[PDB]
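Listed below are the residues making up each chain.
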Protein chains: 2
Amino acid sequence: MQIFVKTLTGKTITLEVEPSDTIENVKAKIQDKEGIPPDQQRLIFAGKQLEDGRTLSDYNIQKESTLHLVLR
Amino acid sequence: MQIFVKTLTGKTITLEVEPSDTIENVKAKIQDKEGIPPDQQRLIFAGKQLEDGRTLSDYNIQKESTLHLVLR
């Protein structure tokens, strides 16, 4: 399924993922596309910070869901 | 009536609502469209945070009004 990630600068990125994909895997996909190291990235969905040891399905993230990316 | 919700990434969503719709109901509509759980969403209008137990009419939100969505 496709998901969207918005940046602090107003950019939107589209990613192809599976509900069984891990958050760490998602961060890795972002690194590949934007060059941002996973340790400097924070992912938020519906006001909650997503953990690297959990999956998309655990957060009930559905197709065309939009995640927010924060930089540290 | 139609309303607009802007995201932190610069995306604009259009929703169909009634003045008697509750904010919780509006959040639920956003969840359906974006996959963001209501507990992770914060809605702001004219600088004020909207509560889940109040309605759109209570905030005098009129047709073509634009709300801002914040993620926690």
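Header annotation of the entry names solution NMR as the structure determination method.

1. Notes on the relation of the copies chain A and chain B
Least-squares fitting of chain A to chain B yields an RMSD of 0.0 Å, with the superposition described by an axial translation of 1.7 Å and a rotation of 79°. Of all interface residues in chain A, a mere 15% are interface residues in chain B too; the two copies therefore contact each other through different surfaces.

2. Focus: the sheet that holds strand β4 (residues 48-49) of chain B
Residues and elements named next belong to chain B. An order of β2-β1-β5-β3-β4 is seen for the five strands of this open sheet, with the pairing classed as mixed. Because the sheet does not close on itself, it has two edges, and the strands there are β2 (12-16) and β4. Examined bridge by bridge, strand β3 (residues 41-45) and strand β5 (residues 66-71) share four bridges and lie antiparallel to one another. Pairing of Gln 41 across the sheet is with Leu 71, part of β5. The strands that helix α1 (residues 23-34) touches are β1 (2-6), β2, β3 and β5; relative to β3, the one it contacts most, it runs at about 120°.

3. Quick look at the pattern of salt bridges
All names here are of chain A. The tally for this structure, following the rule as stated, stands at four salt bridges over all chains. Between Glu 51 and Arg 54 there is a salt bridge, with the nearest N and O atoms lying 3.5 Å from each other. Under the relative-accessibility criterion, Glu 51 is labelled partly exposed at 43%. The class for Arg 54 is partly exposed, based on a relative accessible area of 40%.

4. Structural notes on the side chain of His68(A)
Relative to the helices and strands, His68(A) is located in strand β5 (residues 66-71). What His68(A) contacts, discounting residues up to four positions off in sequence, is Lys6(A), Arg42(A), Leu43(A), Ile44(A), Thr7(B), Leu8(B), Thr9(B) and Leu71(B).

5. Topic: the packing of aromatic side chains
In the structure shown here, the tally under the stated rule is zero aromatic pairs over all chains. If you follow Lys11(B) out to its NZ or CZ, it ends over the ring of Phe4(A), 5.9 Å from the centre.

Criteria and thresholds
- Residues numbered from 1 in each chain as written, not as in the entry; some residues may be left out.
- Chains lettered and ligands numbered in written order.
- Heavy atoms only, no water.
- Least-squares fit on C-alpha atoms.
- Contact = heavy atoms within 4.5 Å.
- Pairing = 2+ DSSP bridges.
- Helix = DSSP H or I, 4+ residues; strand = E, 2+ residues; numbered from the N terminus.
- Axes fitted to C-alpha atoms, helices over the stretch in contact; angles between N-to-C directions.
- Salt bridge = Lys/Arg side-chain N within 4 Å of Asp/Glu carboxyl O.
- Buried < 20%, exposed > 50% of the residue type's maximum accessible area, 1.4 Å probe, protein only.
- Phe/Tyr/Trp six-rings, centres within 6.5 Å; stacked < 30°, edge-to-face > 60°.
- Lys NZ or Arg CZ within 6 Å of the ring centre and 35° of its normal.

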